[PDB]
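Source file: my_file08.txt. Holds: compact mmCIF, C-alpha atoms and all ligand atoms.
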```
# COMPACT_ATOMS: atom_id res chain seq x y z
CA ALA A 2 0.00 0.00 0.00
CA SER A 3 1.32 3.42 -0.98
CA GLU A 4 0.33 6.68 0.72
CA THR A 5 -0.54 9.72 -1.38
CA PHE A 6 0.30 13.32 -0.45
CA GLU A 7 -0.32 16.72 -2.03
CA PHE A 8 2.52 19.07 -3.00
CA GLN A 9 2.59 22.53 -1.45
CA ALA A 10 0.81 24.79 -3.99
CA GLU A 11 3.91 26.68 -5.18
CA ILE A 12 5.89 23.49 -5.81
CA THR A 13 3.20 22.14 -8.14
CA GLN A 14 3.35 25.51 -9.93
CA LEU A 15 7.14 25.29 -10.30
CA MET A 16 7.03 21.75 -11.71
CA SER A 17 4.34 22.52 -14.26
CA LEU A 18 6.42 25.53 -15.29
CA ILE A 19 9.66 23.54 -15.61
CA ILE A 20 8.30 20.43 -17.38
CA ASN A 21 6.75 22.63 -20.10
CA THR A 22 9.59 25.14 -20.55
CA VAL A 23 11.34 25.80 -23.89
CA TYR A 24 14.79 26.25 -22.28
CA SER A 25 17.82 25.20 -24.37
CA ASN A 26 20.46 24.35 -21.72
CA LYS A 27 18.62 21.44 -20.08
CA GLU A 28 21.90 19.63 -19.24
CA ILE A 29 22.23 21.68 -16.06
CA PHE A 30 19.79 19.22 -14.48
CA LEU A 31 22.69 16.77 -14.04
CA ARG A 32 24.85 19.41 -12.40
CA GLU A 33 22.06 20.01 -9.86
CA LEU A 34 21.54 16.32 -9.09
CA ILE A 35 25.28 15.76 -8.73
CA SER A 36 25.44 18.78 -6.41
CA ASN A 37 22.59 17.42 -4.28
CA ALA A 38 24.30 14.03 -4.17
CA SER A 39 27.53 15.66 -2.99
CA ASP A 40 25.67 17.55 -0.26
CA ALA A 41 24.06 14.35 1.01
CA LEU A 42 27.49 12.72 1.01
CA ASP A 43 28.95 15.67 2.95
CA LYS A 44 26.22 15.20 5.54
CA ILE A 45 26.87 11.54 6.29
CA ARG A 46 30.60 12.23 6.25
CA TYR A 47 30.27 15.15 8.67
CA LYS A 48 27.90 13.14 10.85
CA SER A 49 30.33 10.21 10.97
CA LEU A 50 32.83 12.49 12.71
CA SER A 51 31.09 11.96 16.06
CA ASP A 52 29.56 8.60 15.15
CA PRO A 53 31.79 6.61 12.74
CA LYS A 54 29.47 3.56 12.78
CA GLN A 55 27.06 5.58 10.59
CA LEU A 56 29.38 4.71 7.71
CA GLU A 57 29.33 0.94 8.25
CA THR A 58 26.06 0.54 6.32
CA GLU A 59 27.96 1.61 3.19
CA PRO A 60 31.72 2.28 3.72
CA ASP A 61 32.28 3.81 0.28
CA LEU A 62 31.30 7.40 -0.48
CA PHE A 63 30.44 7.82 -4.15
CA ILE A 64 28.10 9.14 -6.83
CA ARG A 65 27.10 6.60 -9.51
CA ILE A 66 25.25 7.28 -12.75
CA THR A 67 23.56 4.36 -14.49
CA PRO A 68 21.86 4.70 -17.88
CA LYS A 69 19.12 2.09 -18.53
CA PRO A 70 18.34 2.72 -22.26
CA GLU A 71 15.94 -0.22 -22.63
CA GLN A 72 13.74 1.57 -20.10
CA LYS A 73 14.66 5.12 -21.13
CA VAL A 74 15.76 5.63 -17.53
CA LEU A 75 18.74 7.46 -16.04
CA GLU A 76 19.73 6.74 -12.44
CA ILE A 77 21.81 9.03 -10.25
CA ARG A 78 22.85 7.32 -7.01
CA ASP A 79 24.85 8.42 -3.98
CA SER A 80 25.84 6.74 -0.70
CA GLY A 81 25.01 9.88 1.26
CA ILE A 82 22.89 10.29 4.37
CA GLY A 83 19.66 9.14 2.73
CA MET A 84 16.13 10.10 3.80
CA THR A 85 13.64 8.40 6.12
CA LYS A 86 9.97 8.18 5.13
CA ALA A 87 9.23 11.36 7.10
CA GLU A 88 12.10 13.21 5.42
CA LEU A 89 10.98 12.23 1.92
CA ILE A 90 7.49 13.61 2.62
CA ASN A 91 8.95 16.73 4.28
CA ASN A 92 11.89 17.55 1.99
CA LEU A 93 10.32 16.60 -1.33
CA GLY A 94 6.94 18.29 -1.45
CA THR A 95 4.70 19.01 1.54
CA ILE A 96 6.70 21.77 3.23
CA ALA A 97 6.93 25.17 1.53
CA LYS A 98 10.38 26.07 0.26
CA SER A 99 11.87 29.54 0.65
CA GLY A 100 12.63 30.04 -3.01
CA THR A 101 9.95 28.39 -5.03
CA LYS A 102 7.98 31.62 -5.56
CA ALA A 103 11.08 33.82 -5.77
CA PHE A 104 12.68 31.60 -8.42
CA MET A 105 9.50 31.61 -10.50
CA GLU A 106 9.30 35.41 -10.32
CA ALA A 107 12.98 35.54 -11.30
CA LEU A 108 12.23 33.37 -14.34
CA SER A 109 9.36 35.68 -15.25
CA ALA A 110 11.84 38.58 -15.21
CA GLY A 111 14.18 36.76 -17.57
CA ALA A 112 16.45 34.85 -15.20
CA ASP A 113 18.31 31.85 -16.61
CA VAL A 114 16.79 28.52 -15.51
CA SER A 115 20.38 27.69 -14.52
CA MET A 116 19.90 29.86 -11.41
CA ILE A 117 17.46 27.29 -10.01
CA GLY A 118 20.12 25.82 -7.73
CA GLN A 119 20.87 29.15 -6.06
CA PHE A 120 17.20 29.37 -5.02
CA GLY A 121 17.46 26.03 -3.26
CA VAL A 122 15.07 24.17 -5.56
CA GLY A 123 17.49 22.61 -8.06
CA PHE A 124 15.99 19.14 -7.53
CA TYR A 125 13.01 20.10 -9.69
CA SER A 126 15.26 20.84 -12.67
CA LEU A 127 14.97 17.11 -13.31
CA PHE A 128 11.63 17.81 -14.97
CA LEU A 129 13.53 19.57 -17.74
CA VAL A 130 14.44 16.14 -19.11
CA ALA A 131 12.06 13.73 -17.35
CA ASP A 132 8.28 13.55 -16.95
CA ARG A 133 8.42 11.07 -14.07
CA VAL A 134 10.77 10.40 -11.16
CA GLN A 135 11.23 7.89 -8.39
CA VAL A 136 13.40 8.80 -5.42
CA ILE A 137 14.52 5.59 -3.74
CA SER A 138 16.16 6.21 -0.38
CA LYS A 139 17.60 4.37 2.57
CA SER A 140 18.55 6.27 5.72
CA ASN A 141 20.24 4.38 8.56
CA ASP A 142 17.25 5.46 10.65
CA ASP A 143 14.46 3.90 8.55
CA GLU A 144 13.48 1.27 5.99
CA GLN A 145 13.98 1.81 2.26
CA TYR A 146 11.19 3.88 0.67
CA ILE A 147 10.05 5.04 -2.77
CA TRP A 148 8.82 8.60 -3.37
CA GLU A 149 7.30 9.07 -6.83
CA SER A 150 6.03 12.00 -8.88
CA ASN A 151 4.88 12.81 -12.41
CA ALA A 152 4.92 16.60 -11.94
CA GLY A 153 1.28 16.44 -10.89
CA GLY A 154 -0.31 17.89 -7.76
CA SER A 155 0.41 14.81 -5.65
CA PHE A 156 3.13 12.24 -5.01
CA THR A 157 3.32 8.78 -3.46
CA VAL A 158 5.55 7.20 -0.83
CA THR A 159 5.76 3.41 -0.66
CA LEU A 160 7.74 0.92 1.42
CA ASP A 161 10.31 -0.47 -1.02
CA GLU A 162 9.87 -4.20 -1.72
CA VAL A 163 10.75 -4.03 -5.43
CA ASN A 164 14.16 -2.39 -5.89
CA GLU A 165 17.75 -3.42 -5.28
CA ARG A 166 18.78 -2.91 -1.68
CA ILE A 167 20.64 0.33 -1.09
CA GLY A 168 23.12 0.05 1.77
CA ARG A 169 22.60 3.72 2.53
CA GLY A 170 21.83 6.61 0.25
CA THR A 171 19.50 7.74 -2.47
CA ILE A 172 18.73 6.88 -6.07
CA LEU A 173 17.01 9.35 -8.36
CA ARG A 174 15.43 7.25 -11.10
CA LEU A 175 14.54 9.57 -13.96
CA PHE A 176 12.16 8.44 -16.71
CA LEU A 177 13.46 10.59 -19.58
CA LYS A 178 11.21 12.35 -22.10
CA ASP A 179 11.45 10.95 -25.64
CA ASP A 180 13.39 13.96 -26.93
CA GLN A 181 16.00 13.86 -24.16
CA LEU A 182 17.38 10.34 -24.63
CA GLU A 183 20.84 11.78 -25.33
CA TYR A 184 21.52 11.68 -21.59
CA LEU A 185 21.57 7.87 -21.83
CA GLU A 186 24.77 8.11 -23.90
CA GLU A 187 28.18 7.69 -22.23
CA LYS A 188 29.81 10.37 -24.38
CA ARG A 189 27.15 13.01 -23.63
CA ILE A 190 27.09 12.22 -19.90
CA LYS A 191 30.86 12.59 -19.62
CA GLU A 192 30.94 16.02 -21.26
CA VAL A 193 28.12 17.36 -19.08
CA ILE A 194 30.01 16.19 -15.99
CA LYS A 195 33.39 17.64 -16.99
CA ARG A 196 31.79 20.94 -17.93
CA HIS A 197 29.61 21.51 -14.86
CA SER A 198 31.01 19.34 -12.08
CA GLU A 199 34.80 19.79 -12.16
CA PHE A 200 35.09 20.33 -8.40
CA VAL A 201 33.46 17.36 -6.68
CA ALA A 202 35.15 15.76 -3.66
CA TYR A 203 33.68 12.33 -4.40
CA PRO A 204 34.34 9.82 -7.16
CA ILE A 205 31.71 9.94 -9.91
CA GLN A 206 31.29 6.48 -11.43
CA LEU A 207 29.57 5.77 -14.74
CA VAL A 208 28.10 2.32 -15.37
CA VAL A 209 28.38 1.30 -19.01
CA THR A 210 26.95 -1.85 -20.58
CA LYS A 211 28.83 -3.15 -23.61
CA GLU A 212 28.27 -6.27 -25.71
CA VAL A 213 31.29 -8.59 -25.65
CA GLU A 214 33.45 -8.62 -28.81
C1 LIG B 301 19.51 14.35 2.26
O1 LIG B 301 19.35 14.71 0.88
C2 LIG B 301 19.40 13.62 0.06
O2 LIG B 301 19.51 12.49 0.52
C3 LIG B 301 19.25 13.83 -1.45
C4 LIG B 301 20.09 13.12 -2.31
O3 LIG B 301 20.99 12.24 -1.81
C5 LIG B 301 20.03 13.34 -3.68
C6 LIG B 301 19.12 14.27 -4.18
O4 LIG B 301 19.07 14.52 -5.52
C7 LIG B 301 18.29 14.97 -3.32
CL1 LIG B 301 17.16 16.09 -4.00
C8 LIG B 301 18.34 14.77 -1.94
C9 LIG B 301 17.40 15.53 -0.99
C10 LIG B 301 17.93 16.95 -0.72
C11 LIG B 301 16.98 17.75 0.16
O5 LIG B 301 15.93 18.21 -0.30
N1 LIG B 301 17.37 17.89 1.43
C12 LIG B 301 16.70 18.57 2.36
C13 LIG B 301 15.54 19.28 2.07
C14 LIG B 301 14.91 20.04 3.05
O6 LIG B 301 13.89 20.67 2.78
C15 LIG B 301 15.43 20.09 4.34
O7 LIG B 301 14.84 20.85 5.29
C16 LIG B 301 13.87 20.11 6.03
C17 LIG B 301 16.59 19.37 4.64
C18 LIG B 301 17.22 18.62 3.65
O8 LIG B 301 18.24 17.98 3.92
```
If you convert what's in this file into structure tokens, what do you get?
Amino acid sequence: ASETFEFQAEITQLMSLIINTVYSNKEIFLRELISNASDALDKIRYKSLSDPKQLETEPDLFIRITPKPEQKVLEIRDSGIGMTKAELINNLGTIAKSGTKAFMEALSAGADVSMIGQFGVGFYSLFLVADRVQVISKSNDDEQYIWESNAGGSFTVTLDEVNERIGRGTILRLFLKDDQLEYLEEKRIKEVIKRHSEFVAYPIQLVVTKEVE
């Protein structure tokens, strides 16, 4: 059984705006997700300073990107702090965010969509290239859960009994729009990373599937 929740009014507005925008530099979405991953990694790392055992659930700190072409899916994973069920509901939708309205007004004035991250709502830039997203997360303090949204007014949270076990961390599973399948390509992904995420303190791994020769 999955519980359904409504997004705070302004967040629904932002998503509708983003998923329908004409913007030409949509690649910045990956920069934002990598940045968020790094911040979650910083949090578990900082937390481990006074409680090292917090790391035992997943000793390695990394960001991993996995293209799943057959499903037109792009996964961005990190072994950061992760989110409990309550945090998913809180952080991803029900609580108002300081910059949602301000960012939208900035866009109306001509601001570059690339500024989204500075308004603290970069997560939603994922809708530039995807029309559906599943956030799979495992915090040391809770079971693994699935938060899902299609840019509509509500989202779902479900106990995870269908995905690979995450030691600790979060997986953003993006279901790419048909005209944005280029982000499934190793070449494209690498250039976006080098260009926007040169200064990341964690290893960024890319999972590539090749047919044997
Ligand atoms: C802890 O953040 C995450 O686990 C995480 C991640 O690993 C990858 C991501 O792409 C995203 Cl979006 C996240 C969630 C980031 C987030 O929204 N954190 C957050 C939000 C809040 O509103 C808040 O105040 C209650 C605190 C947060 O940490």
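Using all atoms listed in the file, the smallest distance between any of A:67, A:17, A:80, A:198 and residue 141 in chain A comes from A:80.
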**ligand LIG 301 (chain B) neighbours within 6 Å using only C-alpha atoms and all ligand atoms, as a list in words** = residues 34, 37, 38, 41, 79, 81, 82, 83, 84, 92, 93, 124 and 171 of chain A
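A straight line drawn from CA of residue 163 in chain A to CA of residue 185 in chain A is 23.0 Å long.
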**Message:** Neighbouring residues of residue 75 in chain A were defined as those with any atom within 8 Å, considering only C-alpha atoms; residues of the same chain fewer than 6 positions away were excluded. Please report them as a PyMOL selection string.
**Reply:** chain A and resi 66-69+174-177+184-185
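CA of residue 53 in chain A to CA of residue 88 in chain A spans 22.0 Å [interatomic distance, one decimal].
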**Complete:** Between A:152, A:147, A:194, A:29, smallest distance to residue 166 in chain A by all atoms listed in the file belongs to A:147
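Interatomic distance, CA of residue 63 in chain A against CA of residue 191 in chain A: 16.2 Å.
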**Distance query residue 172 in chain A at most 6 Å, all atoms listed in the file, self and fewer than 6 positions along chain excluded, as a list in words** =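 Near residue 172 in chain A, the qualifying residues are residues 77, 78, 136 and 137 of chain A.
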**Request:** Counting all atoms listed in the file, figure out which residue out of A:3, A:126, A:135, A:85 gets nearest to residue 28 in chain A.
**Result:**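 Looking at the shortest contact to residue 28 in chain A, the residue is A:126.
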**Asked** Looking at all atoms listed in the file, which of A:159, A:206, A:55, A:22 is the one that sits closest to residue 4 in chain A?
**Response** A:159
**Request:** Choose the residue, out of A:113, A:214, A:149, A:144, that has the smallest atom-to-atom separation from residue 161 in chain A; count only C-alpha atoms.
**Result:** A:144
**Prompt:** At most 12 Å from (-0.3, 25.9, -4.6), file frame, all atoms listed in the file: which residues, as a list in words?
**Reply:** residues 7, 8, 9, 10, 11, 12, 13, 14, 15, 16, 17, 94, 95, 96, 97, 98, 101, 102, 153, 154 and 155 of chain A
